[PDB]
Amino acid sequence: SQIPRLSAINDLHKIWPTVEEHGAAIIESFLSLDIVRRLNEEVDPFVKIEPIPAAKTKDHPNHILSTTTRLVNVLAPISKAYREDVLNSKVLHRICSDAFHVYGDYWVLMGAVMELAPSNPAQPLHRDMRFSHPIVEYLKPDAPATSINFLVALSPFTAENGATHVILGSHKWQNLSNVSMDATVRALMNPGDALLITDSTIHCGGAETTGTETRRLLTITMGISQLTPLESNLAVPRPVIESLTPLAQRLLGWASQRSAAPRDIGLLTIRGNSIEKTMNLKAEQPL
């Protein structure tokens, strides 16, 4: 049985309940082709200048990604398309509030463009967050997902060019003795489609087998405001931050956050006041 495919528009209310049951769902046209084009254009140069993931110049090397793989994060100051269109996506926010209502507010743990070179091997079958958030492994088996991953196609995803593998129902697995590529199904997607998985879904990047095709994806890990993001926006110029919506500002950690606790005392507060109130942080000021 294949990965369930849903309309971003007409099947909006069905998307999270589908992921909660099956551990994966394809969101058809998650981003318009216009947004994909503008996103591809803005990140293109930064992909090319990006050193190898485990560069000796880096003080936080990624020793896991293929040496041919390029990951570009902190996209806000690079991409008008990302910081305006993607951060304000009505579909992403309905899904996130559906997923995270039991915990409270959510924000971006990481928004990264990844480019995978021709002949990039398949990743080992894995769950995300194990190289950054050891805490996640100490949660009760039945604990609701504290993070989810929108794997957005920025180029075609085919079995040939290394489309994502998922094991359906694997997000509910405690015994991992049946973990095999034999058990996987593929995420076949056009640019703008998104594969949505949880932090518990067993999955892997597919093997690039054409030897010619470059695969690119926008990976948006959304998580509860109680978990620390992989990436920082602390160094993003204040002018760029003050050009965003209040919603987009909160997702980048440039606002206080709230838990779902009946009498919440809040996160990232300043003597009972919010970041945005204290600093007199403006919003929607065109640069």
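We number the residues from 1 along the sequence you see.
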| query | finding |
| --- | --- |
| Mean C-alpha B-factor comparison - 173-181 and 142-150, higher one | 173-181 |
| 55-63 or 219-227, whichever carries the higher mean Cα B-factor | 55-63 |
| Record-listed C-alpha B factor of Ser79: chain third | highest |
| Assigned third (lowest, middle, highest) for the C-alpha B factor of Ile35 | highest |
| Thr245, C-alpha B-factor rank within chain (lowest, middle or highest third) | middle |
| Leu116 CA temperature factor, ranked by third within the chain | highest |
| Assigned third (lowest, middle, highest) for the C-alpha B factor of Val86 | middle |
